[PDB]
Amino acid sequence: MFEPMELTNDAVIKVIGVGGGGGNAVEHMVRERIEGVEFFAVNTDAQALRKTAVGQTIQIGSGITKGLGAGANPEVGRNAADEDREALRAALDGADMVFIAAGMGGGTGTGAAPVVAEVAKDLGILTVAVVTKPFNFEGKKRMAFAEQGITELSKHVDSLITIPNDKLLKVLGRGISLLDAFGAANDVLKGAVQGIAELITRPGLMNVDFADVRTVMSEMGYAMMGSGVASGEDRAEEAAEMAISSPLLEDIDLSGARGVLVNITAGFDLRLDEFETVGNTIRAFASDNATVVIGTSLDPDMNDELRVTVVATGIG
Amino acid sequence: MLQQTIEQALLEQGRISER
Amino acid sequence: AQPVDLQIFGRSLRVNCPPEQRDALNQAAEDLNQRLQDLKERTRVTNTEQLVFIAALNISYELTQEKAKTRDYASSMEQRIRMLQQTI
Amino acid sequence: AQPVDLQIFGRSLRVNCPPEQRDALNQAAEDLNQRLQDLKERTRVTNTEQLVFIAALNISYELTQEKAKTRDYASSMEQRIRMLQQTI
Amino acid sequence: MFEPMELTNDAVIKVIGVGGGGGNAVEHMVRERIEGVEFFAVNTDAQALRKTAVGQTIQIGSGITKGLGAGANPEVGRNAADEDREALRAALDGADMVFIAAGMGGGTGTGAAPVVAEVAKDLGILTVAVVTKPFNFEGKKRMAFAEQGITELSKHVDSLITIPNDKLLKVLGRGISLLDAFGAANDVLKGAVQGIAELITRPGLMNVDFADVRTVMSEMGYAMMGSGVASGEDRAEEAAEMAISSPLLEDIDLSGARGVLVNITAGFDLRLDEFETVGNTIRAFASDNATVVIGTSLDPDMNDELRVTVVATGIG
Amino acid sequence: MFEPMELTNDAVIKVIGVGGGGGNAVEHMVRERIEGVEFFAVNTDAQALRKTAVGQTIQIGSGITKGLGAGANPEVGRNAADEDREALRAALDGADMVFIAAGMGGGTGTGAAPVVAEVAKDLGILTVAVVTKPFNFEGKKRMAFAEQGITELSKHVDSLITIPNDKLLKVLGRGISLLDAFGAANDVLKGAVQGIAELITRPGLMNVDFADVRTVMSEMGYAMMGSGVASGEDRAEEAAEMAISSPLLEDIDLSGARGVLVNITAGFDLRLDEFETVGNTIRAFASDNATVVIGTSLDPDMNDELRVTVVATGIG
Amino acid sequence: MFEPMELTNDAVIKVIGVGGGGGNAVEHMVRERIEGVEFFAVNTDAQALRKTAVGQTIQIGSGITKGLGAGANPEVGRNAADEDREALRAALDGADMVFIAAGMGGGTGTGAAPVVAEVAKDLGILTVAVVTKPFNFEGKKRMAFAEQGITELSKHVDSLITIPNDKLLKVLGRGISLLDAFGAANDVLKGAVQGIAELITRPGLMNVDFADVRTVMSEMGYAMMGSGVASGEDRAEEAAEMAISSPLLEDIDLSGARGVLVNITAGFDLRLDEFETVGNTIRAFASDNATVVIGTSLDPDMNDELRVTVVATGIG
Amino acid sequence: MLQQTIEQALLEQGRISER
Amino acid sequence: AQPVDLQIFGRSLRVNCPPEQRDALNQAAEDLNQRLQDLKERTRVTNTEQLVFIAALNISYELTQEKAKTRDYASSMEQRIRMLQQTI
């Protein structure tokens, strides 16, 4: 059979929601219908697993908690993760790169995300962890547990994204619904996952592929990932500034990034000055020792739109 | 009856050949 | 000869046709539309600028496959008909 | 499945083919090259952007015209052979 | 059978596109339908190889990158080239002169072009390499990698053409499309290849052939190749100054050339003063120790057009 | 049979390209695949009619020009339109509103657009004429013919959009291709048609329909129509200022508009302050005696993307 | 049979060489292989008719001269033309536009060209006459006969092109062959004919056709026709100034033209500024009361060339 | 003789059917 | 294939010929030389730049006349020989 070619790469990307917060963040993407990504929910709470819209679930520590949450004990979460490490490895095997989502400060996520990260690293999988700090009013003990957990998580990941949960109150403005604030928080992980997937699979005139992703995230540190879209006369500048804007992320210094990966997607009318303006926006913060890779993907599907996807790692 | 089958086969192959 | 207009695979075309081949052209357009429409989702991302080329090579092979039978059965039946002519 | 190159009508194409249909692909390529060459010489100035579309509609009509004979003579010979079987 | 004579020489010329940029430059010529030349695409990225309209492809380093790009690592590109040196030798064998095209700064092209050049040189093939520098906004490290790669490439090529990618922004003018800006750069390699081929094969009144090409390219260094066409009263002068104009090339000094090769093509009405004006244009920069060869080819096919092809090597 | 309800209105909209320029403008929309709209090409030149990708054509004046152009004679164009008025009426009958596109200055478009407009007005159809002035270098007589033709066209249309062809030179930038420069002008008519159709058919929370379109086009005058799309934090403001920006239109005063029709389309997360900012953008120029209608259409189909369509008539 | 469209117009153009000089000028085009045009040779001299490579011949006045020339008698030429007017009418019937070529000063051409022009005008055919004055050394009486003949010819031709034969001595340069000097003069008629034919038949983006030709030639007077071709950076300006350059024509004032017809042909990369520069070149001389028509024809055949054809009539 | 021609015609129609 | 050199009608030519057709080429050269040499004085002053054209159309006509006989007498002999076979 004479078949047309398939110019789409093959990628295995896994998103794991550990604990209640991570389960919520993953369920956000599930309800938003993002294709090409495997969804998971790992928890100690049977009720939370049964409630989520995430299809595949992995109940950890059924023999230590009997289907109850860890009860704000990181040790219980770590023990429940250690008990079911085989199930984690089996469900996480054969993956190019995983995205671990976990709101941290409690028992399950805080003590269980480092174990999943360790499983992935031992398996030899690039790992990105997207976590949220507790609110200010949740106490000092909650924040201390979250910080210790984040240290343990950074011990076993390649790039870590931290969302202070207190920036929702400052950024989103009063009158915002709780559901909408949480959705704004979850959009960080959704945008990161979707941008990485589109960059890895879809081809381009100046191709950037999984190897570029591996070589920019080959060094531990904080990271920012996102995309921007614009139209009109100033579409290039607007899209570039949207891509590198992180209102909800922790106060981050892009100049300290040691790896920058940019992909520009537009129609065939992409002018050279627009490409130059995106490149100049990227160069505005990139350091002299950072590995900057700029990619372009002219797509007839994009009618008059310009999308810019920026991945910056190695920060701090 | 077997004499005419081949005779009409010629007509039907005429309509095949022109087809 | 009264140039007709077609809209095939999202691509307007203009062809002049004899009046008696009009309906054959319409059904050919439907066949081609369906063939390319099935060729679109065979692959998610491809070089769509080449898609009609495969849509024509496939039907070239599918035309040869059935074109050989034209002489095949014609020859077999012809030898049969002359031989039964000669016996009786 | 072992992707292969083609160069048809001054327009390079890449199609993956099973090993057993390779020569059929080559012969379809020559048939298409000749058909589009005859189409180019048919007109002085035209829209070459649509020429392969004509080269596919023509072969689809030329496909159906002879493809209907497939069941035409099939049904004729089936009925004749059933009736001959029933007599003797 | 009584056959008319064939007055056309035989030449084997190969153009190899190493990496994404080189593949783009070669497929430009493929889409422009240049005859009499073999086309190749050498890469580590399977997706880019399957995308290109370049016909014959040579996937290098399938056992080190598993079909992915080099990830901006020159060492990975060099290793992937060394792994599959036999395929390069087999595809490049039996060639009079090769034209290696590679956009330099990344991993595949930067580290792989010197290996292909080394293969050609130890095989005993005259080699011309046409490469592009990275943009200004792509960083200091990208430019450093490209410069080191060009230093390595100079060791195994007889003549090297360098196109600063930053001159597209300065020469082409605002509003130019990315596709047209890149096509302007690709036309340098296209003009070089087509001019050299026409010079080598087609005959002339004052014949210049492959031996002249070999003796002008016997001196290592930078080079410029191109052609000019004109009509009307000032056809000779206009074509001569069009042939030695290189807006997109790096700032070059033609007076430093150690070898100049000129071929004038026109109809039988070519006047003596036109030939003299072309010769004076060439003498305006040719040095006293440079080997200048002037060729002429009166062709009834050229109706009223005058074409001048100039090859200058040994610069810098 | 259990039938799910259809919430889409029904509208008949016709776009007619009179002459070469109008045929080009309509063929642009045909190639861009805009749905739900009828396309026509009306001309005296048989060759141009057979060239265009516009499917259905209406060759006028076949008995006065014998299939040739009008030869820069407006009188010949008017006579050719009067000869075949019945074909225009038949193809234009049963229409809610027509969009006549023509490039004034020549013979066919200049003298034939007023006749088609007269046919539509006599039939009782809302008419919008999108026309382009000639270039500066095309002469004084060409511009005089175009101005007389536009004066005649103003008699039989409801709203007229004029695009000075000399603003392409000033706005687009030195280096833009002719095809892209003409596509920029064609996008004015494309945006107008697509925005009006999308407004008339699709429902909304604060529904605006064909009656509002009729009551804002109930007065002769210059008009501007277009749409703006944006995303991100400032999506409302960016889209609003994109909708009322007309770089290629003639120098226009929005404050003189006596009818403004606005439609905001977004997802269910559209905040109240975004709606207020769009309303304030509209109020910034709308006069006190103008009939302003603001519409909203929350669409689950639409992503975090926001679109604003503005129709302003009665100017000048 | 499903056939592709034919976008080429149909035109009947006749070139008649009256007398020895006209026959020479026509057979120049015959030997240069210009397609799509009918060739004729009208003469009184049987020997010259049998010499010429022109295929179709029309021997006039066989009953007054018995196959000999007119012997420098304009009256004999006029009588010989009047005798065989039916043959001229039959051969010249069914023509859109004729191009009468005749070297004036002698007997056959001088007295016979006005009769052929009268035949064409009575038949209702647009007529263009390309004639040459005698040399300086050929005498005062030869020049007087030629001037009287041109005065007669002006009565029946729509546009007249006059080539002073004395400008060959001043323009071409000492040492030019007689054959090449005469070929330079013949190229004026060849360029006029080929440019007009290519303009009338082949289509364009901004189509100009036979009607535009008729409306620019509706004004009696002198005319200039020609084409220019260029490549490179200044292709537009070079081609524009080449098209309106007439070294061999009589001292002419383009500002007095009452009709200008321009056609720009290039590839799809034709930039807007190039079109503007051609238009500015045309505007540099076009008067305010002249009908200027600018046409464009983007052609994939024109690889990187740019052709400009200019027809200016009504001069003097 | 006529008895077997129809029988082999069945084989020929079978090879057509799979053809 | 070992390019040969000829001097025909005062006009040097270069042809490559198979070794076995050398003498045939020489004899064709003498025939052409004689044909054009006879064509020269057929007219005192002419367009000699066309003379080889008539020297080729004349032998084209002469080839057609004596080439049609190849099939003529072949057909006649065929009918006579088959009929004599069938009688005896």
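We just call them A, B, C, D, E, F, G, H and I in the order they show up, numbering each chain from 1.
Methods note: contacts are C-beta pairs under 8 Å (C-beta built on N, C-alpha and C of every residue); 3 or more make two chains touch, one makes a residue touch a chain.
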Following contacts chain by chain, what is the lowest number of steps it takes to reach chain F starting at chain B? 2
Over half of the contact pairs shared by residue number: find the pair among A-E, E-F or A-F that meets that against F-G. A-E
Relative to the centroid of every protein C-alpha atom displayed, which chain's own C-alpha centroid is closest? E
In terms of CA centroids, furthest away from chain B sits chain A
If you tally contacting C-beta pairs, which pair wins, A-D or D-G? D-G
If you average the CA atoms of chain E and of chain G, how far apart do the two points sit, in angstrom? 44
Between chain A and chain H, what distance separates the C-alpha centroids? Give it in angstrom. 68
Could you give the separation in Å between the centres of chain A and chain C, each centre being the mean of its C-alpha atoms? 50
Using the touch rule from the top of the page, what residues of chain H touch 2 or more other chains? 2, 9, 16
Residues of chain E that touch at least two other chains are 50-51, 172, 174-177, 180
What's the complete list of touching chain pairs for this entry? A-C, A-D, A-E, A-F, B-C, B-D, C-D, C-F, C-G, C-H, D-E, D-G, D-H, E-F, E-G, E-I, F-G
For chain I, which residues are in contact with chain E within the complex? 1, 3, 14-18, 21, 25, 28
Residue set of chain E touching chain G in the complex reads 32, 180, 228-233, 238, 242, 245, 247, 269, 303, 305
Where on chain G does chain F make contact in their complex? 5, 7-9, 203, 205-212, 214-215, 268-276, 279-280, 282-283, 286, 288-294, 296, 298
Which residues of chain D touch chain B once you look at their complex with the stated criterion? 69, 72-73, 76, 80, 84, 87
Chain A partner contacts - residues on chain E that touch it in the complex: 20-21, 24, 45, 47-48, 50-51, 65, 68-73, 106-107, 135-142, 168-169, 172, 174-179, 181
